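A.B. asks: Provided below: protein28.txt, containing compact mmCIF, C-alpha atoms.
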# COMPACT_ATOMS: atom_id res chain seq x y z
CA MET A 1 -16.59 -11.61 -1.09
CA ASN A 2 -17.32 -10.20 2.37
CA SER A 3 -14.08 -8.25 2.89
CA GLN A 4 -14.93 -6.30 6.02
CA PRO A 5 -12.60 -3.29 6.38
CA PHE A 6 -10.56 -3.18 9.57
CA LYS A 7 -7.84 -1.22 11.33
CA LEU A 8 -5.04 -2.09 13.70
CA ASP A 9 -6.46 -2.51 17.21
CA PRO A 10 -4.74 -0.13 19.66
CA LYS A 11 -5.97 -2.33 22.53
CA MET A 12 -4.16 -5.35 21.05
CA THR A 13 -1.03 -3.67 19.67
CA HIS A 14 2.39 -3.82 21.31
CA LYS A 15 3.40 -0.61 23.08
CA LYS A 16 6.67 -0.40 21.12
CA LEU A 17 4.59 0.09 17.94
CA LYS A 18 3.35 3.48 16.78
CA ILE A 19 0.06 3.24 14.85
CA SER A 20 -0.98 5.94 12.39
CA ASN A 21 -4.04 8.01 13.23
CA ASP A 22 -6.05 6.12 10.57
CA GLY A 23 -5.08 2.72 11.99
CA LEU A 24 -3.61 1.40 8.73
CA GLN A 25 0.14 1.89 9.34
CA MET A 26 2.42 0.75 12.13
CA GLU A 27 6.14 1.15 12.76
CA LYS A 28 8.44 0.38 15.65
CA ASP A 29 8.99 3.46 17.78
CA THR A 30 10.67 -12.37 22.99
CA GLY A 31 11.54 -9.60 20.54
CA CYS A 32 8.37 -9.78 18.42
CA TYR A 33 6.05 -6.74 18.32
CA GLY A 34 2.58 -7.84 17.28
CA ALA A 35 -0.62 -6.05 16.37
CA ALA A 36 -4.09 -7.46 15.79
CA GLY A 37 -6.86 -6.22 13.55
CA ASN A 38 -9.93 -4.73 15.21
CA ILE A 39 -12.36 -7.35 13.87
CA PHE A 40 -13.00 -11.02 14.42
CA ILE A 41 -14.23 -13.05 11.46
CA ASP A 42 -16.38 -16.17 11.66
CA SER A 43 -17.92 -16.37 8.16
CA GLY A 44 -17.46 -15.29 4.58
CA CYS A 45 -14.40 -14.80 2.43
CA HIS A 46 -12.01 -11.93 3.13
CA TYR A 47 -8.95 -10.57 1.37
CA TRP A 48 -6.47 -8.05 2.67
CA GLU A 49 -2.97 -7.06 1.70
CA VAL A 50 0.02 -5.99 3.72
CA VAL A 51 2.72 -3.68 2.43
CA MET A 52 6.00 -4.72 4.07
CA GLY A 53 8.52 -2.84 1.95
CA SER A 54 12.08 -3.89 2.79
CA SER A 55 11.21 -5.53 6.12
CA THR A 56 13.32 -8.67 6.53
CA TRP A 57 11.59 -10.18 9.57
CA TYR A 58 7.82 -10.44 10.08
CA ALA A 59 4.89 -12.77 10.66
CA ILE A 60 1.48 -12.10 9.14
CA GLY A 61 -1.62 -14.18 9.61
CA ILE A 62 -4.66 -14.83 11.78
CA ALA A 63 -5.35 -15.99 15.30
CA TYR A 64 -8.10 -17.22 17.57
CA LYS A 65 -8.71 -15.29 20.75
CA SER A 66 -7.18 -18.35 22.45
CA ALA A 67 -3.79 -17.14 21.20
CA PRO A 68 -2.43 -14.85 23.96
CA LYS A 69 -1.80 -11.20 23.18
CA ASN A 70 1.38 -10.71 21.12
CA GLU A 71 1.84 -14.45 20.58
CA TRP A 72 1.00 -14.39 16.87
CA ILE A 73 3.99 -16.02 15.18
CA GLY A 74 2.53 -19.47 14.63
CA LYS A 75 3.96 -20.97 17.82
CA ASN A 76 0.66 -22.12 19.32
CA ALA A 77 -2.40 -23.96 18.07
CA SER A 78 -4.29 -20.67 17.68
CA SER A 79 -1.92 -18.79 15.34
CA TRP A 80 -1.35 -19.29 11.61
CA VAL A 81 1.27 -17.08 9.94
CA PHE A 82 3.30 -16.48 6.83
CA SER A 83 6.73 -15.45 8.03
CA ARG A 84 9.86 -13.98 6.50
CA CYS A 85 13.34 -14.23 8.00
CA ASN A 86 15.86 -12.83 5.48
CA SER A 87 15.51 -14.98 2.33
CA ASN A 88 13.70 -17.78 4.17
CA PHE A 89 9.92 -17.81 3.98
CA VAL A 90 7.80 -20.28 5.94
CA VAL A 91 4.27 -20.79 7.01
CA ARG A 92 4.00 -21.74 10.65
CA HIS A 93 1.27 -23.07 12.90
CA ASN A 94 1.58 -24.78 16.30
CA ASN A 95 5.39 -24.62 16.03
CA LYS A 96 5.32 -26.58 12.77
CA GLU A 97 6.76 -24.76 9.80
CA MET A 98 6.95 -25.45 6.09
CA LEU A 99 9.27 -23.66 3.69
CA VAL A 100 7.54 -21.57 1.02
CA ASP A 101 9.24 -20.65 -2.23
CA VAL A 102 8.77 -16.93 -2.88
CA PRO A 103 9.96 -14.94 -5.90
CA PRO A 104 12.59 -12.31 -5.10
CA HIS A 105 11.68 -8.82 -3.92
CA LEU A 106 8.42 -9.62 -2.16
CA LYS A 107 7.15 -6.24 -0.93
CA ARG A 108 3.45 -6.93 -0.46
CA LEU A 109 1.58 -9.97 0.86
CA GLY A 110 -1.99 -10.96 0.07
CA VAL A 111 -4.00 -12.77 2.74
CA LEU A 112 -7.13 -14.65 1.68
CA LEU A 113 -9.23 -15.90 4.59
CA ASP A 114 -11.95 -18.13 3.13
CA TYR A 115 -13.62 -18.87 6.44
CA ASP A 116 -16.64 -20.68 4.96
CA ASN A 117 -14.40 -22.97 2.89
CA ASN A 118 -11.85 -23.69 5.63
CA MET A 119 -8.83 -22.12 3.96
CA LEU A 120 -6.25 -19.46 4.73
CA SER A 121 -4.14 -18.63 1.69
CA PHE A 122 -1.13 -16.39 1.15
CA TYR A 123 -0.36 -14.64 -2.13
CA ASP A 124 2.36 -12.63 -3.85
CA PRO A 125 -0.04 -10.23 -5.60
CA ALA A 126 2.66 -8.37 -7.54
CA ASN A 127 3.30 -11.67 -9.33
CA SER A 128 -0.35 -12.84 -9.16
CA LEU A 129 1.05 -15.87 -7.41
CA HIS A 130 -0.37 -18.29 -4.86
CA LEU A 131 2.22 -19.05 -2.17
CA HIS A 132 0.55 -21.40 0.32
CA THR A 133 -2.84 -22.56 1.57
CA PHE A 134 -3.61 -23.78 5.07
CA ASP A 135 -6.57 -26.16 5.13
CA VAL A 136 -8.14 -25.33 8.50
CA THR A 137 -11.60 -26.15 9.78
CA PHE A 138 -11.91 -23.01 11.89
CA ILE A 139 -13.54 -23.63 15.25
CA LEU A 140 -13.43 -20.08 16.64
CA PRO A 141 -13.58 -16.56 15.19
CA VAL A 142 -10.25 -15.35 13.84
CA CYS A 143 -8.63 -11.95 13.78
CA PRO A 144 -5.86 -10.62 11.54
CA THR A 145 -2.42 -10.43 13.16
CA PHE A 146 0.71 -8.56 12.13
CA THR A 147 4.06 -8.99 13.84
CA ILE A 148 7.30 -7.21 13.03
CA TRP A 149 10.73 -6.55 14.49
CA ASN A 150 11.52 -3.18 12.90
CA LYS A 151 10.63 -0.89 9.99
CA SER A 152 6.95 -0.59 9.17
CA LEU A 153 3.85 -2.19 7.76
CA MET A 154 0.67 -0.95 6.11
CA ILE A 155 -2.63 -2.83 5.91
CA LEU A 156 -4.92 -2.69 2.86
CA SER A 157 -8.24 -4.06 4.09
CA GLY A 158 -11.78 -4.36 2.76
CA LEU A 159 -10.40 -5.45 -0.63
CA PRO A 160 -12.19 -7.25 -3.43
CA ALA A 161 -10.54 -10.50 -4.39
CA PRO A 162 -7.86 -9.65 -6.98
CA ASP A 163 -8.79 -10.78 -10.47
CA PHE A 164 -6.21 -13.59 -10.43
CA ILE A 165 -7.53 -15.28 -7.27
CA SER B 1 -19.30 7.83 -4.87
CA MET B 2 -15.93 8.07 -6.62
CA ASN B 3 -15.35 6.77 -10.13
CA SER B 4 -11.89 5.45 -9.18
CA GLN B 5 -10.92 2.38 -11.20
CA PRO B 6 -7.80 0.25 -10.82
CA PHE B 7 -5.06 1.47 -13.13
CA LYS B 8 -1.41 0.53 -13.37
CA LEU B 9 1.76 1.93 -14.82
CA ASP B 10 1.72 2.18 -18.60
CA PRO B 11 4.75 0.09 -19.66
CA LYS B 12 5.31 2.41 -22.63
CA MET B 13 5.57 5.46 -20.33
CA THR B 14 8.03 4.03 -17.82
CA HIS B 15 11.61 5.27 -17.59
CA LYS B 16 14.02 2.63 -18.89
CA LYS B 17 15.86 2.43 -15.57
CA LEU B 18 12.79 1.71 -13.42
CA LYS B 19 12.09 -1.84 -12.28
CA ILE B 20 8.33 -2.45 -12.42
CA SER B 21 6.42 -5.26 -10.75
CA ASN B 22 4.44 -7.62 -12.97
CA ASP B 23 1.13 -6.11 -11.85
CA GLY B 24 2.35 -2.62 -12.78
CA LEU B 25 1.82 -1.21 -9.28
CA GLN B 26 5.37 -1.03 -7.89
CA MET B 27 8.24 0.97 -9.34
CA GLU B 28 11.79 0.98 -8.08
CA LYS B 29 15.12 2.59 -8.93
CA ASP B 30 18.09 0.24 -8.52
CA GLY B 31 17.90 12.66 -13.74
CA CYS B 32 14.42 11.81 -12.52
CA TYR B 33 12.74 8.49 -13.26
CA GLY B 34 9.13 9.00 -14.28
CA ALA B 35 6.23 6.73 -15.09
CA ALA B 36 2.60 7.38 -15.99
CA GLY B 37 -0.61 5.55 -15.25
CA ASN B 38 -2.25 3.69 -18.12
CA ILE B 39 -5.46 5.76 -18.06
CA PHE B 40 -6.32 9.24 -19.30
CA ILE B 41 -9.18 10.75 -17.31
CA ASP B 42 -11.59 13.30 -18.73
CA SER B 43 -14.60 12.88 -16.43
CA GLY B 44 -15.70 12.03 -12.94
CA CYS B 45 -13.95 12.05 -9.60
CA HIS B 46 -11.02 9.78 -8.84
CA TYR B 47 -8.92 8.99 -5.79
CA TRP B 48 -5.71 7.02 -5.58
CA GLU B 49 -2.91 6.71 -3.08
CA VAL B 50 0.82 6.24 -3.35
CA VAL B 51 3.01 4.51 -0.78
CA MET B 52 6.40 6.22 -0.85
CA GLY B 53 8.08 4.38 2.02
CA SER B 54 11.53 5.79 2.68
CA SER B 55 11.82 7.63 -0.65
CA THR B 56 13.20 11.12 -0.03
CA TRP B 57 12.78 12.56 -3.54
CA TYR B 58 9.64 12.05 -5.63
CA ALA B 59 6.98 13.96 -7.54
CA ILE B 60 3.42 12.67 -7.82
CA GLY B 61 0.54 14.16 -9.75
CA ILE B 62 -1.17 14.39 -13.13
CA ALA B 63 -0.28 15.53 -16.62
CA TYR B 64 -1.78 16.33 -19.96
CA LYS B 65 -0.47 14.36 -22.92
CA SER B 66 1.30 17.60 -23.88
CA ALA B 67 3.84 17.18 -21.07
CA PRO B 68 6.93 15.60 -22.68
CA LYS B 69 7.65 12.06 -21.54
CA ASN B 70 9.43 11.96 -18.17
CA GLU B 71 8.80 15.69 -17.68
CA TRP B 72 6.13 15.12 -15.05
CA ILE B 73 7.56 17.17 -12.19
CA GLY B 74 5.55 20.37 -12.52
CA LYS B 75 8.08 22.26 -14.64
CA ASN B 76 5.69 22.87 -17.54
CA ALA B 77 2.10 24.02 -17.98
CA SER B 78 0.95 20.41 -18.48
CA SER B 79 2.13 18.93 -15.15
CA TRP B 80 0.81 19.37 -11.59
CA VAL B 81 2.69 17.57 -8.82
CA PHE B 82 3.19 17.16 -5.11
CA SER B 83 6.90 16.71 -4.48
CA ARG B 84 9.28 15.85 -1.68
CA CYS B 85 12.97 16.72 -1.91
CA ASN B 86 14.60 15.65 1.37
CA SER B 87 12.76 17.56 4.11
CA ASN B 88 11.06 20.09 1.78
CA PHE B 89 7.57 19.44 0.38
CA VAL B 90 6.15 21.60 -2.41
CA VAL B 91 3.46 21.58 -5.01
CA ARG B 92 4.70 22.63 -8.41
CA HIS B 93 3.07 23.62 -11.67
CA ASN B 94 4.31 25.58 -14.67
CA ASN B 95 7.76 25.78 -13.03
CA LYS B 96 6.41 27.61 -9.97
CA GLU B 97 6.39 25.94 -6.57
CA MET B 98 4.77 26.58 -3.21
CA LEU B 99 5.95 25.08 0.06
CA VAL B 100 3.48 22.75 1.76
CA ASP B 101 3.36 22.07 5.49
CA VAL B 102 3.29 18.27 5.86
CA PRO B 103 3.17 16.37 9.19
CA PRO B 104 6.26 14.29 9.95
CA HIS B 105 6.76 10.80 8.54
CA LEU B 106 4.58 11.06 5.44
CA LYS B 107 4.69 7.56 3.98
CA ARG B 108 1.51 7.68 1.89
CA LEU B 109 0.00 10.35 -0.34
CA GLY B 110 -3.64 10.66 -1.33
CA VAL B 111 -4.39 12.12 -4.75
CA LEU B 112 -7.92 13.34 -5.42
CA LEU B 113 -8.59 14.25 -9.05
CA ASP B 114 -11.99 15.89 -9.23
CA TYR B 115 -11.90 16.23 -12.99
CA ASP B 116 -15.53 17.37 -13.30
CA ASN B 117 -15.04 20.13 -10.72
CA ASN B 118 -11.63 21.21 -11.97
CA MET B 119 -9.55 20.40 -8.90
CA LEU B 120 -6.56 18.30 -7.98
CA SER B 121 -6.04 17.79 -4.25
CA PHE B 122 -3.32 16.11 -2.21
CA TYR B 123 -3.90 14.45 1.15
CA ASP B 124 -2.04 12.92 4.07
CA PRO B 125 -4.59 10.11 4.60
CA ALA B 126 -2.85 8.66 7.66
CA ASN B 127 -3.62 11.97 9.39
CA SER B 128 -6.92 12.58 7.53
CA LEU B 129 -5.37 15.83 6.39
CA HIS B 130 -5.81 18.01 3.33
CA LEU B 131 -2.45 19.25 2.06
CA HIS B 132 -3.16 21.28 -1.08
CA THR B 133 -5.75 21.87 -3.79
CA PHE B 134 -4.94 23.05 -7.30
CA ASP B 135 -7.79 24.76 -9.10
CA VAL B 136 -7.35 23.71 -12.73
CA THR B 137 -9.80 24.25 -15.56
CA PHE B 138 -8.86 21.02 -17.31
CA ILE B 139 -8.75 21.47 -21.09
CA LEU B 140 -7.44 17.98 -21.97
CA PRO B 141 -7.60 14.53 -20.39
CA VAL B 142 -5.05 13.91 -17.65
CA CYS B 143 -3.09 10.84 -16.65
CA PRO B 144 -1.58 9.97 -13.26
CA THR B 145 2.17 10.45 -13.09
CA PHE B 146 4.76 9.12 -10.66
CA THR B 147 8.39 10.20 -10.57
CA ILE B 148 11.18 9.19 -8.22
CA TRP B 149 14.83 9.97 -7.85
CA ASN B 150 15.44 7.15 -5.34
CA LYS B 151 13.85 4.17 -3.56
CA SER B 152 10.40 3.09 -4.76
CA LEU B 153 6.68 3.75 -4.93
CA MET B 154 3.59 1.60 -4.81
CA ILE B 155 0.29 2.62 -6.43
CA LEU B 156 -3.02 2.03 -4.64
CA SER B 157 -5.79 2.59 -7.20
CA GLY B 158 -9.46 1.70 -7.43
CA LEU B 159 -9.93 1.63 -3.68
CA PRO B 160 -12.66 3.52 -1.80
CA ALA B 161 -11.79 7.04 -0.76
CA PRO B 162 -11.24 7.39 3.00
CA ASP B 163 -14.32 8.53 4.90
CA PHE B 164 -12.84 11.92 5.82
CA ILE B 165 -12.87 12.98 2.15
Can you present the structure in this file as C-alpha cells?

C.D. replies:
Amino acid sequence: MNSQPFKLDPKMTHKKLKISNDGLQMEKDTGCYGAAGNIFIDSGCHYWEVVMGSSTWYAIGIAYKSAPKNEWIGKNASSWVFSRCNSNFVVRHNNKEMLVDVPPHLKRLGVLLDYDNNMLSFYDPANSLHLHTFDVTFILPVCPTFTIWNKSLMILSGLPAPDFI
Amino acid sequence: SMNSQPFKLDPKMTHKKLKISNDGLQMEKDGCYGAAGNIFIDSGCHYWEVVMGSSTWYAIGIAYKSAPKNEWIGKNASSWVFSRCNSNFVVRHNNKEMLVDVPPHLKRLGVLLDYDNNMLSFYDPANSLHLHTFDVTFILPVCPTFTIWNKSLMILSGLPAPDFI
C-alpha cells in the first residue's frame, strides 16, 4: 500500500474549525464545517482512519477539486462520503444516498481509497467490518475530506492496511 | 527507527466493568478501571499514543508484573504513570507525584518507552511538546497500562513516532 501521510489543510478548512498544531485534530471553535486533507491522490491504495468519538453528525470521504470548498457532504458529483446522523448511517454521492448498517458504538471509521482499482471503501475497524464500497472509476485526483457540526475529529493517516482488509 | 509493534488490551488484564472493542483498542466505562497491554517489553524503543477524548480522570503508563492487577496508577514502586484528575496533571510513581504543566485541551498523549536507555517519556504530540521524562533503570519487563475513572480511551500502537521525537 501507498498510504501517503497527510494533515488537515489550513487553506481548505472552515474558519469555525480549530486545527491542532500537528494538523491531525480539529474541533469546532449551510451548517457544515468541512476540512480537506493536504494531499491529492491519483494512484495507489491508501488507508486512513478517523476517530470521531461521540460525534453524532459528520461526513467523511473524498472529493475532486471540482467539488467547491466546504461542499464535501456527497451533494455533488465530486464528493463521496460516509455520513452519520444520529443512528442513521448513509453513504452519499451526487445527492444519492444509501443506508448502511453499522454496529452500535461506532467511534472510529476506516477509509480505504484503492485508486488504482476504482474503489472507495468504508470500514468499522474496531469490528474488523466492511461497511460499504463505492465502485468509482476516478477521473481526477481526490483529496480526503472531513466535515462535522460539533465536537472533534482526529485523523490517523499513512496507515498500513489493517490485517483484516 | 522505533521498535513499536501493534499491541492491544490483554483481555485477562481488563477490569470487569470496562467495555472493550473487539480489536482490543478501545476501552470505555459505562474505584479506578485499569487495563494492560498484551505485551511485556524488555528491549528496544517503543512509542504509542492514547486518545483520551473528554475523559477527565485517567492514568496512563507502564508497569512491572509486580504491580498488583488494577494498581497501575503510580501508587507502588512497579507503576509509572501520567495522570489527569480534572484540571490537574501529574506524573506519579511509588506513591509520589509531581505536577506537570500541560497545554490546554490535551486530547492525546504520547508515551515513549525507551527501554534500552532506561527512560519513560510523556508527550503532547498535538503540540510537539515533551511533558515529562522518568529515568528508570528497568529491572523487569514492563507492560503498557491504561486506567480510567470515566469516559473512554483509544490506543494507537505500532504507528511511526512523530518527526519531532

A.B. asks: Please identify all residues of chain A having at least one atom at most 10 Å from any atom of chain B, considering only C-alpha atoms, and return them as JSON, numbers by chain.

C.D. replies: {"A": [19, 20, 21, 22, 23, 24, 25, 51, 52, 53, 54, 105, 106, 107, 108, 125, 126, 127, 128, 151, 152, 153, 154, 156, 157, 158, 159, 160]}

A.B. asks: Neighbours of residue 146 of chain B within 7 Å (only C-alpha atoms; same-chain residues fewer than 3 positions away dropped), as number ranges by chain?

C.D. replies: B: 34-36, 59-61

A.B. asks: What would the file look like if the residues just selected were written as a PDB file, in the frame of the given file with C-alpha atoms?

C.D. replies:
ATOM      1  CA  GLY B  34       9.130   9.000 -14.280  1.00  0.00           C
ATOM      2  CA  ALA B  35       6.230   6.730 -15.090  1.00  0.00           C
ATOM      3  CA  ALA B  36       2.600   7.380 -15.990  1.00  0.00           C
ATOM      4  CA  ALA B  59       6.980  13.960  -7.540  1.00  0.00           C
ATOM      5  CA  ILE B  60       3.420  12.670  -7.820  1.00  0.00           C
ATOM      6  CA  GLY B  61       0.540  14.160  -9.750  1.00  0.00           C
TER       7      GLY B  61
END

A.B. asks: Can you pull out the residues contacting segment 3-5 of chain A? Cut-off 12 Å, using only C-alpha atoms, and skip same-chain residues under 2 positions away; I want them as a ChimeraX atom specification.

C.D. replies: /A:1,7-8,23-24,37-49,111-115,143-144,155-162 /B:159-160,162

A.B. asks: Could you please take those selected residues and save C-alpha atoms as a CSV table (one decimal), in the coordinates of the input?

C.D. replies:
chain,number,residue,atom,x,y,z
A,1,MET,CA,-16.6,-11.6,-1.1
A,7,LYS,CA,-7.8,-1.2,11.3
A,8,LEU,CA,-5.0,-2.1,13.7
A,23,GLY,CA,-5.1,2.7,12.0
A,24,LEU,CA,-3.6,1.4,8.7
A,37,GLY,CA,-6.9,-6.2,13.6
A,38,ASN,CA,-9.9,-4.7,15.2
A,39,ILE,CA,-12.4,-7.4,13.9
A,40,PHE,CA,-13.0,-11.0,14.4
A,41,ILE,CA,-14.2,-13.0,11.5
A,42,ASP,CA,-16.4,-16.2,11.7
A,43,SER,CA,-17.9,-16.4,8.2
A,44,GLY,CA,-17.5,-15.3,4.6
A,45,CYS,CA,-14.4,-14.8,2.4
A,46,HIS,CA,-12.0,-11.9,3.1
A,47,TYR,CA,-9.0,-10.6,1.4
A,48,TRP,CA,-6.5,-8.0,2.7
A,49,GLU,CA,-3.0,-7.1,1.7
A,111,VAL,CA,-4.0,-12.8,2.7
A,112,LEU,CA,-7.1,-14.6,1.7
A,113,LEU,CA,-9.2,-15.9,4.6
A,114,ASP,CA,-12.0,-18.1,3.1
A,115,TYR,CA,-13.6,-18.9,6.4
A,143,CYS,CA,-8.6,-12.0,13.8
A,144,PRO,CA,-5.9,-10.6,11.5
A,155,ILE,CA,-2.6,-2.8,5.9
A,156,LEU,CA,-4.9,-2.7,2.9
A,157,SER,CA,-8.2,-4.1,4.1
A,158,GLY,CA,-11.8,-4.4,2.8
A,159,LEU,CA,-10.4,-5.4,-0.6
A,160,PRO,CA,-12.2,-7.2,-3.4
A,161,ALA,CA,-10.5,-10.5,-4.4
A,162,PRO,CA,-7.9,-9.6,-7.0
B,159,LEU,CA,-9.9,1.6,-3.7
B,160,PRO,CA,-12.7,3.5,-1.8
B,162,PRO,CA,-11.2,7.4,3.0

A.B. asks: So that I can check the surroundings of residue 63 of chain A, please list as a ChimeraX atom specification every protein, DNA and RNA residue that reaches within 8 Å of it, counting all atoms listed in the file and ignoring chain neighbours fewer than 3 positions away.

C.D. replies: /A:66-67,72,78-80,142-145

A.B. asks: Atom CA of residue 65 of chain A and atom CA of residue 130 of chain A, how far apart in Å?

C.D. replies: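 Atom CA of residue 65 of chain A lies 27.1 Å from atom CA of residue 130 of chain A.
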
A.B. asks: So how far away is atom CA of residue 131 of chain B from atom CA of residue 100 of chain B, in Å?

C.D. replies: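 Separation of atom CA of residue 100 of chain B and atom CA of residue 131 of chain B: 6.9 Å.
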
A.B. asks: Would you mind telling me which residue in A:17, A:148, A:62, A:98 lies nearest to residue 119 of chain A when using only C-alpha atoms?

C.D. replies: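 Of A:17, A:148, A:62, A:98, the one nearest residue 119 of chain A is A:62, counting only C-alpha atoms.
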
A.B. asks: Quick one: distance from atom CA of residue 164 of chain A to atom CA of residue 131 of chain A in Å, one decimal?

C.D. replies: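 Distance reported for this atom pair: 13.0 Å.
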
A.B. asks: Do a neighbour search on segment 87-95 of chain B at 10 Å with only C-alpha atoms, toss out local chain neighbours closer than 6 positions, and write the hits as number ranges by chain.

C.D. replies: B: 56-61, 72-81, 101-102, 104, 122, 131-134

A.B. asks: With only C-alpha atoms as the counted atoms, please give the residues lying no more than 12 Å from residue 89 of chain A, apart from itself and same-chain residues fewer than 5 positions off, as JSON, numbers by chain.

C.D. replies: {"A": [56, 57, 58, 59, 60, 81, 82, 83, 84, 97, 98, 99, 100, 101, 102, 103, 104, 106, 109, 122, 131, 132]}

A.B. asks: Taking (-13.3, 17.6, 7.0) in the file's own coordinates, collect the residues within 9 Å, counting all atoms listed in the file, and hand them back as a PyMOL selection string.

C.D. replies: chain B and resi 128-130+164-165

A.B. asks: Within 9 Å of (-19.3, 7.8, -4.2), all atoms listed in the file: residues as a ChimeraX atom specification?

C.D. replies: /B:1-3,45,160-161
